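> heads up, no residue letters with this:
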DNA sequence: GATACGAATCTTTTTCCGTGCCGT
DNA sequence: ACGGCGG
DNA sequence: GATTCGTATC
Ligand SMILES: Nc1ncnc2c1ncn2[C@@H]1O[C@H](COP(=O)(O)OP(=O)(O)OP(O)(O)=S)[C@@H](O)[C@H]1O
Ligand SMILES: Nc1ncnc2c1ncn2[C@@H]1O[C@H](COP(=O)(O)OP(=O)(O)OP(O)(O)=S)[C@@H](O)[C@H]1O
Ligand SMILES: Nc1ncnc2c1ncn2[C@@H]1O[C@H](COP(=O)(O)OP(=O)(O)OP(O)(O)=S)[C@@H](O)[C@H]1O
Ligand SMILES: Nc1ncnc2c1ncn2[C@@H]1O[C@H](COP(=O)(O)OP(=O)(O)OP(O)(O)=S)[C@@H](O)[C@H]1O
Ligand SMILES: Nc1ncnc2c1ncn2[C@@H]1O[C@H](COP(=O)(O)OP(=O)(O)O)[C@@H](O)[C@H]1O
Ligand SMILES: [Mg+2]
Ligand SMILES: [Mg+2]
Ligand SMILES: [Mg+2]
Ligand SMILES: [Mg+2]
C-alpha cells in the first residue's frame, strides 16, 4: 500500500532521461539553459513524453520559482472563457525571474478546450507575450485554432522507436533488478507499439504475475495488438484462413464484433499493396457490416459474410 | 523579444501586402475619413496573419494625424458600453476604431447583440461618426467535445456567420477580403530578416544555407507571423531539427477540386484522401460536401465524359446515402469518385467551374409552397367546410383548384398554382 | 493568500488545545495544518448561523469534526475529510 | 434473504476463489494485491464473463469492512458527465483515505457508455492522484474509449469461459440446489451458453422450474431443449439432409414438419445449420462465399421480420444454389 | 360490449394457450419467490402482454398492483433521463407492506416488477443505463422486457434477462382457443373454417379473433342462419381469389412485358396487398411439381428479395411488377 | 364549392360505386358498441374518407359532418414549439400527424393519449360513449408514432376507437396491422365513374355531346374519382358548359413535365442531358411533390415508350425497384432520383 | 515576347455563457 | 421599508 | 484545385 506504480515511480524528472525525439529533446534542453522559450505546441501520440517534457522544461527553466511561475491547467480543471479571463491575473503578475526566464502557462490537453477560451487566449497571448509564455500540449494539433498556432512554434513528437523503448526498459529493469530475457523484452516492445506507458505497464504486470520476463509469460497476460490480427485476417489469400483468424484469434478471444469492424475500417484505410478500387470496395463492405452490427445483428455470420465478400472482391 | 515582435514593420513598405490590395485598402480608408463618407464600416476578412491589422495600424498612423491612435476593443453588454463611448471619437478625437477583439460570438445571445448593435451603428442618425473597422480571421473551428449544437459558428469562424446578410450587404459597409501572403513577399521579407541576423546565422554557419529554408518556409505557409516564428526557431536551433510550420485548412471548393481532379503535391489517391479526412473531417462529414460532389462532378472536362462513369458516380453516392452518417460512407464515396475521375483523366481537358449546390433554394421554394397551400386549406375550411390533405394539394388541387377558382372567376380564393407554376 | 485570524481572547476563542495526536499530551510551538476544500467547508455556514458555540476537532488522519450546539435547540455534527496536499507558505505567512 | 434471488445474482462470487475460467488475470491481480501495489486496471471481455465480480471481490480483499468508504463505484445507471468527473471523482480522489487500507479505489463500470469529454477529463485525474487512488475501468467495447485512456490503464482481457469452468460452476449450483444433470444435458447447456455464466444459470433455473419434482427429477437434454426452445441436434441434421439430398417439395415438407413439431423458430435453425456448414470440407470456395452472404442476408431480414414462410424457402434455395457449384 | 380481443384476453395463466414452456415456469414462480428478470420475445399477437398481466394479477392482486407494479411502454417517454431517474427511483423504493387480505389470499412476493413493454424501441444508451439498475436492486425489484425483435435488445441486457420465446400460434396449437371463442360467441362455421382463419393469420391469434369477429358481424347482419364459409373469411382477410392468381401466373407464363405491365396496372386498382399476393405466389410456385429445382431455387430468392423490399415501405406497383417480370424471365 | 365536395356522398345509403363494401360497412355499423379498430386501405381517391364519414354518420347519427378547426400546439424534445391543425366533430376527431413532420411522436403521445385517457362518461353514459379518431395518411408515420399507438389504442379502446385511412399498408408495422381490421377499398370500374359523372352532368349543365367522353375521363383518371371530377369541372369550365368530343383531356402540369422528362431521356442520353434532368427534378421537388411519386410516374412513363425493347423496360423496372428501396431508406431524395435516371440512360444507349 | 504568378469566383439554410435580505 | 448586491 | 483576366518582370 506504499509502493507507487512504475509508470509514476519512474517518471523522468530531468530532460536528459526522456528517450526518443533526440533532436526535439536536445532543443528543449538548449531552451532550458539559454532561456527565452517561445510559445510552443507539442503534439504527438500517447506515451511519448509530451507532458513529461513540458513539465521538465518548466522545472529546469523556472527552477526555484516553479511555484509562482507554472500555472498548470488541464481538462480535469474548468477552462471556460471565464477561466481564461485565472490566466489573466497570472499573466499580469510581476515576478522577479532570472534574466531570460519567463513565466510558463502549461495548458495540458489544449485540444479539449472550448473555442471561446481559445479566442480569449489569443488576447492574453497578445497583450502579455513579454512576461509569460504558453506551452500547449495536445494529441492532435488541428484542435487548436489557427490564430493560436500562428503565434506558437509547433514541435511534433514522433512515435518512439524500439531502441528508445528498449533503453528506458533496461534502465527501469536495472533500477528494479527484475529478471528478463531478450525475447521477453522484444515481446514487450512488440506489444507496446511505440507506447512507453504501455510498455512499462506490461513489464510491471509480467513481473508481478510471474517474475521472469520471457515470451511465454508476457504473451499469456498481454495480447498481441489486435489491429495486427485484423490486418492479418484481411490480407489472407483464401477465405478458409481469413475466417479461421476471425474465429480463433478474434471471436473466441472475446473481442466484440463492433470492435473488429472498426479496427478493420482503420486497417483498410492504412492498408498497403492494395489497389484503390479494391480498397474502396472493402471500405464499402465494412461500412455495410458496421451498419448491420449497429442495427442489432452482432453475429459471427455477419463477419463471416463480410470476409467472404472481401475475398470475392479480391480474387476478381 | 520574438522575431515577429522585434522585426515588426516601421513603415508600410516593410508590410507584407500585395500592391493592389494595399491600394484598395488605402483608398477605402481615406474615403472613410471624409466628413460624410458613404462607407461607415470596413470589414476586413481573411486567414490568420495576413497583415490584416498590421497594415491598418500603419495606415492609421498616417491618416489619423491628417484629418484629426487605434482604440482597440477589449472583449453581455460590455461591448455596448465600449461602443456607447466609441462614438465620441469625432473630429479632434478621430481615432480609427479597430475591433480585432470580437465580443464572444460563440454565445447565441451576445452574438445576436453584437450583430444588432453593429446594425444600430450602421443605421445611426448621428451626422458624424468615427471610421469603424472590424477584422475577422477566417479559421475553421475544430470538432468540439460532442457538441450536438453543430450550428453555423460551430463549423467555421467567418464573417458570414458572425454578421447577418443585411450587415454584410449594407450599402455603407465595405468588405475587402484578404489573401494569404504570396511566396514572393514571404521570401522578400524572410530574407530581410536574415540580412538583419546574418551575424548569428554566420557564426552559427547557417547564413550560407539560408535560402533553402527561406524558400521551403515560403512554400509551406502563407502566414507571415508563422513564417517568422519558424525562421527564428530554426536559426536559434543547433541540429537538423525538422522545419514544421502551422497547418492551414482547405476550402470547401478546394476540397471538391481535390476530390474531383486531385492534387499535384501527391499523386497517391489513398494518401491524399486519408490526409483530407484526418485534417478536414469538419467538412468531409457534412452532407453539403456530398451534394457539392453530385453538383460538380459534371464540371470535369466541361461534362464531356462517358455516361457509364457518371452513372457509377451517382449510383455510389446514392448507395452511400443509405449508409447512415457512418464514417465509411464518405470514405467510400470520395474514393470511388476519385478513382472514376483518375482513370478517365488525360491531357487536353479544359475542366469547368464548380458551383455550390442549389438544395437550399429548393428548400426555400418548398417552404414557400407550404405557405401557399396552407392559405388555400384554411380558406376552404372556413368557406366550404372542406378538409384536404396536403398530399392532394400538392398532387391535384395545387394545379386544378386554382385553375377552376380562376377560370370560374373569369366566368380570398387562390387563382394561381399553389406555390407557383412548374417550369 | 488571505488570512482570517481568530482572536486569542476568551469570549471568541474559549479554549484552544494542541496535542501530539493522542488528545492527552499538550505541547506548545507546534501547529496542526488542515487543507480543506471550501466547497465542503461552506456546508457548515448555514449551521453556524444559529450556533451559540462551535467545537473544532481534528485528528492526524485528516478528519475535521465540527460540533454545533444551538439554544434544547438542536445538536449538529459535521465530519469533513482533508485533502492530499504551500505548507511552508502557510508557516511563513503566519510568522510574518 | 438470498434464497429468493435469481440464480444469476444468488451465485455471484464473493471471493476471488469463486471466479473460475479467468486464471491468469486472477493470479496476476492476487499477486498485485499481496505486493501492495495495484495499477490502474482495465477489464475487457464479453458480457457475463466475471469482470464486475472480479473487481468487487478484489476490492473486498483489499479493503474489507471499509469497502463502502474506500471504493467509489460509478456505472451507466449514474450520470457521469464532465461535471460529475470534475466534481465527484475529483473530490473523492483529492480527499484523504483516513489511512484505511492505503489507496482508495474508483470502479468505473460500463465505461464504454461514457462521453469522450468525461474520459478526456479523467486522464489528468487518473495520473495526478495515482498516489492516493487507483482507477478500474470495466468495458465490453474498447472502441468507445479514448486511446489516451487505454494508454494509462493496464489491460486485462476476460476470455469467454472455458468448458471446464462452466462444468465446475454447474456442479456447485447443482449441489447447492440438490439437482441432477445428465452428461448430455450438461453438454447442451455448456454449448448453448456460448461462454456465458448468466445464460447457464438462467437456463438451469428454468430447467429446475420445468421439472415436476425438482428433487428426484433429472434435467435431461430434452428438458433443456424444451425450456430454452432450441432445436435438437438430430432435427438440424435431418433438416440439412432433407435439403441436400431430397427434392424441393420433400425438403419443404420436412422443414415445416420439424418446425411445427416443437414450434421451432427459423433463426435458431439457421444458426445450427450455419455451424455444420462451417465444419464441412468444401472444395470450390464459392460455395462458402454464397452460403455466408445469402444466409447473412436472410438472418438480417429475419431480424427485421417479414414472411416467415418466404424466408425458409429462401434458405433452402440458398443452400441448394451454393451446393450446386460444389459439383459445378 | 368490447372487441373479442379485449374480451377474451387471458385473465389467469391457465388461459394462455400454446405457451407452456414459459407459463409453467411462471406458475412455478408463484409458490417460490425467485422470479428472474424476464425477456419476452416473439411474433406479434402471441400472448406476451397477456401472460405478464396475468402473472402480475396472480402474484399481487388488484389492490397491491397499484403499488408493486410499474409499466412503461412506447406510448410514454423512456429516454436516458427517464431511465436514470424514474426507473432507478422505483427500483430503489421499498417493498410496500401487503395487507392482511393480500397476505391471506395472494402469495405477495417480496419484490416489485417493472414491466418495460415494447423495449425494442428504446435507444442503446437507455438500455445500457438499465444494467446496473437491474443488477444492484435485483432482490427488491424485478424487470420484465417485452419486445418483438430480440436483436434490438443489447447483448448485456439480454444476458441478465431470462429469455422466454413465445411460439407462433398456428392451427395446430390455437385451434382449441378459437373453437372456445366460437362456441362462447355462438358462431356457426363449416368444417375447415377456424383452421383457414388460423392459416391466413400466420402466427397471430389477435388477427384470427378479429377476423372471426368480423365474419360473425357480417353473418349476423345478413340474417339467413347459414354457417360461415371459407370464402367469406378469405375475402374479409384480403386473400386474392384463386382465379386472379391463375390469371396473373398465365400472364407471367406468356412473358410479354406490356401484357404483364397492363395486368399489374389493372390489378393494383383492386387494392390487393402486395404482401398477400407475394405470399400466395410463393405457395403456388414452391409447392408445385411442374417446376424444376433451378426454377424454384431462383424464385425463392426472388420472392425473398421482393418481400424484404416490401417490408421496408416501398411502392407495391414497382415491386410487384418487377417480381412478375423477373418470374417471367427465368 | 368544388364538384368533388358539392356532390360528396353524406350517408351510407348514398354510396354507389361499391356494394359489397357498403354491405360490409352496414354490417359493421349495425352493432356499433363492439366496433374494432379499422384500417381502410386502397388506391387514392376511391372514396375511403367518404366511406369513413358515412360510417361515422351511421354510428353516431347525423352530426359528424359539422367540422370546425382547433389549433393545437406542442413542443418537441427540445424547446421547439409546434402547431398541428385539429379538425374536430362533436362525435369524432381527425388529425394528420404527417403534417408536422418527424415529430408526430409528441402529437401521438400527447393529443391521442389525452383523448384516450378521458372516459367521456356523461352521467352514467356507441354514440358519444366511445370516441372515433381518424388518422389521415397513416403511411407517413415514421415507424415510431406507430409504436406509441400499439398501447394507446389497446389499453384505452373502451373509450376511443381508431379508423385510419392509408393508401397501401407496406409502411405500416405488423403490430399496428395486427390490432386492426383490414378494410379493402377497390377502385371503381370505368362504368361506375361514368355513371357518377353522368349524374353530375344531369344535376349540372355541362351540356354533354357524347357519353363516350365521360368514359375518356374515367380512363384518363386511372380510377381516381376526385381527379375525374376535377377534369370534368376543368373541361366544363375551360370549354364552357359544353363538352365536345374534341375537348382536351386536361392532365396535371407535373404529369406532362414528367412526360417531357421521359421524352428528353429517351432522345438525349449524355451528361448535359443528365444535368438538365436534375434541374427539372429540382423544379418538381420545389413544388413539394413526393419523390416516390416522381419515381413511380417517371418509371411508368418510361415503360410507355413504344421505341424501347423488352430488355430495356426490364432493366428500367429493376432500377426503379432498387432506387425506390434506396429512396425509402434515405435522407436526400435527389441522389436516388438522379441515380435512377443515370442508370436508365446508361442502359438505353 | 513567355510565362510564372496572383487575385476573383466557385456558399448557405452533452456541455457551457449571459441577463430576497440587510442598511438607514 | 426600498435600493443595492434562453437559444 | 480549376479557369480567366491582369500585371510585372526578366
Ligand atoms: N520519452 C520518454 N522516456 C521515458 N519514459 C517516458 C517517455 N515518454 C513517456 N514516458 C513514460 O510515460 C509516463 C508518462 O506519460 P506521458 O509522457 O505524460 O505521456 P504523454 O506523452 O503525455 O501522452 P498523453 O498526451 O498524456 S495520452 C511515465 O511512466 C514515463 O516514464
Ligand atoms: N514584414 C512584415 N509585415 C507584416 N507583419 C509583420 C512583418 N514582420 C513581422 N510581422 C508581424 O507579423 C504579425 C502579423 O499579424 P497580423 O496579420 O497583423 O494579425 P492577424 O492577421 O490578426 O493574425 P491572427 O489571425 O490574429 S494570428 C504582426 O505581429 C507583425 O508585427
Ligand atoms: N467466473 C465466474 N465464476 C462464477 N460466476 C460467474 C463468473 N462470471 C460470471 N459469473 C456469474 O455471472 C453473473 C454476471 O457476471 P458479472 O461479473 O456480474 O457481470 P460481467 O461479467 O462483468 O459482464 P458485464 O460486462 O458486466 S454485462 C455474476 O453475478 C455471477 O453469478
Ligand atoms: N396464448 C394465447 N391464448 C389466448 N389468447 C391469446 C394468446 N396469445 C394471444 N392472445 C390474444 O391476442 C390478443 C393480443 O395479445 P397480446 O399478448 O396482448 O399482444 P402481444 O402478444 O403483446 O403482441 P404485441 O403487443 O404486438 S408484441 C388478445 O386478445 C389475447 O386474448
Ligand atoms: N360513392 C361515391 N359516389 C359519388 N362520389 C364519390 C363516391 N365515393 C367517392 N366519391 C368522390 O370521390 C372524392 C374523393 O374521395 P376521397 O374521400 O378523397 O377518397 P380517398 O379517401 O380514397 O382519397 C369525393 O369528393 C367524392 O365526391
Ligand atoms: Mg499528457
Ligand atoms: Mg492581428
Ligand atoms: Mg458488470
Ligand atoms: Mg403487447
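Received, thanks. Numbers count the residues shown, from 1 in each chain, chains lettered A, B, ... in the order given. Ligands and ions are numbered 1, 2, ... in the order given.

> Looking at the stretch 201-350 of chain B, which residue is nearest ligand 1?
Scanning the stretch 201-350 of chain B for proximity to ligand 1 using CB to the nearest ligand atom identifies residue B:241 as nearest, at 16.7 Å. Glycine gets a C-beta too; all of them are placed from N, C-alpha and C.

> Could you give the separation between the terminal residues of stretch B:169-183?
Counting by CA to CA, to the nearest Å, the length from the leading to the trailing residue of stretch B:169-183 is 32 Å.

> With stretch F:106-122 instead?
Stretch F:106-122 stretches 29 Å from its first residue to its last (CA to CA).

> now stretch F:186-193
Calculated as CA to CA, the first-to-last residue distance of stretch F:186-193 is 13 Å.

> what's next to it, contact-wise?
The contact list for stretch F:186-193 (CB atoms under 8 Å, 6 or more residues apart in numbering or on different chains) reads E:269-271, F:16-18, F:21, F:42-43, F:46, F:196, F:214-215, F:217-219, F:221, F:223-225, F:228.

> Show me where chain A has its strands.
Counting by DSSP state E, one finds strands in chain A at the ranges A:40-43, A:103-108, A:132-137, A:153-156, A:179-180, A:212-213.

> closest point of chain A to chain F, which residue?
Of all residues in chain A, residue A:291 sits closest to chain F, with a separation of 10.2 Å (CB to the nearest CB).

> Touching, that residue and residue B:324? I think so.
Yes - taking CB atoms under 8 Å as the contact criterion, residue A:291 and residue B:324 are neighbours in contact, 6.2 Å apart.

> Between the two, tell me which one has more neighbours.
Neighbours around residue A:291 and residue B:324, counted as other CB atoms under 10 Å in any protein chain shown, are more numerous at residue A:291. The numbers are 18 against 15.

> any idea how far that one is from ligand 4?
25 Å (CB to the nearest ligand atom, to the nearest Å).

> any idea how far that residue lies from residue B:328?
9 Å (CB to CB, to the nearest Å).

> The residue in chain C sticking out farthest from the centre and residue E:299: what is the separation?
When each C-alpha in chain C is compared with the mean C-alpha position (CA atoms, centre = their mean), residue C:72 comes out farthest, at 24.6 Å. Spatial separation of residue C:72 from residue E:299 under the definition CB to CB is 93 Å.

> do residue A:74 as well
Distance of residue A:74 to residue E:299, given as CB to CB: 65 Å.

> for residue D:200, same thing?
Distance check for residue D:200 against residue E:299: by CB to CB, it reads 43 Å.

> more neighbours, these two?
Neighbours per residue (other CB under 10 Å) separate residue D:200 from residue E:299, with residue D:200 holding more: 25 against 21.

> Am I right that that one falls within a strand?
No - counting by DSSP: H, G, I helix; E, B strand; the rest coil, one finds residue D:200 to be helix, located in no strand.

> if I pick it, what's in contact with it?
Going by CB under 8 Å, 6+ apart, residue D:200 touches D:166, D:169, D:170, D:189, D:190, D:193.

> which of those lies closest to residue D:59?
Nearest to residue D:59 out of these is residue D:169 (CB to CB; 21.8 Å).

> From what I see, residue F:183 and residue F:39 are in contact.
Yes - the pair formed by residue F:183 and residue F:39 meets the contact definition of CB under 8 Å, at 6.6 Å.

> in the stretch 1-150 of chain E, which spans are helices?
In the stretch 1-150 of chain E, the segments counted as helices under DSSP state H, counting those that start in this stretch are E:20-31, E:48-59, E:62-68, E:80-82, E:88-92, E:100-105, E:124-128, E:131-136.

> Of those, which is nearest residue B:289?
Short answer: helix E:124-128, nearest of the helices of the stretch 1-150 of chain E by CB to CB, at 27.7 Å.

> what about the closest one and chain F, any contact?
No - counting by CB under 8 Å from any CB of the partner chain, chain F has no neighbours in helix E:124-128; the shortest distance is 13.6 Å.

> dump the residue contacts of the residue of chain A closest to chain F.
The contact partners of residue A:291, by CB under 8 Å, 6+ apart, come to B:323, B:324, B:326.

> before we move on, back to that, out of the strands of chain A, which gets nearest to residue E:319?
The closest approach between residue E:319 and any of these, judged by CB to CB, belongs to strand A:40-43 at 53.7 Å.

> Can you classify the spatially most central residue of chain F by secondary structure?
If you average the C-alpha coordinates of chain F and look for the closest C-alpha using CA atoms, centre = their mean, you land on residue F:44, 4.3 Å from that point. Per three-state DSSP, the local secondary structure of residue F:44 is coil.

> Could you measure from it over to residue B:266?
Distance from residue F:44 to residue B:266, counting by CB to CB: 55 Å.

> now do residue F:54
According to CB to CB, residue F:54 stands 71 Å off from residue B:266.

> More neighbours: which of these two?
Counted by other CB under 10 Å, residue F:54 and residue B:266 do not tie: residue F:54 has more neighbours, with 25 against 13.

> Now that one. Nearest residue, chain neighbours left out?
Excluding the flanking residues, the one nearest residue F:54 by CB to CB, 6 or more residues apart in numbering or on different chains is residue F:12, at 4.4 Å.

> Tell me which stretches of the stretch 201-349 of chain F form strands.
Counting by DSSP state E, counting those that start in this stretch, the stretch 201-349 of chain F has no strands at all.

> before we move on, the earlier item: please give the number of neighbouring residues around the residue nearest to residue F:54.
18.

> That one touches residue F:56, doesn't it?
No - under the criterion of CB under 8 Å, residue F:12 is not in contact with residue F:56, lying 9.8 Å apart.

> about what we covered before: in terms of helix, strand or coil, where does the residue farthest from the centre of chain C fall?
The three-state assignment at residue C:72 reads coil, by three-state DSSP.

> Next, the residue nearest to the centre of chain F: phi, psi?
Main-chain torsions, residue F:44, degrees, to the nearest 10: phi -70, psi 140.

> and it, how far is that from residue E:262?
According to CB to CB, residue F:44 and residue E:262 sit 20 Å apart.

> Look through the stretch 201-349 of chain F and state the residue closest to chain D.
Across the stretch 201-349 of chain F, no residue is closer to chain D than residue F:329, which sits at 11.1 Å (CB to the nearest CB).

> List phi and psi for that residue.
Dihedral angles (degrees, to the nearest 10) for residue F:329: phi -100, psi 60.

> before we move on, what about the one 3 residues further on?
Residue F:332 has phi and psi values of phi -110, psi 130 when expressed as degrees, to the nearest 10.

> so who does it touch?
When the contact criterion is CB under 8 Å, 6+ apart, the partners of residue F:332 are B:287, B:291, B:321, B:359.
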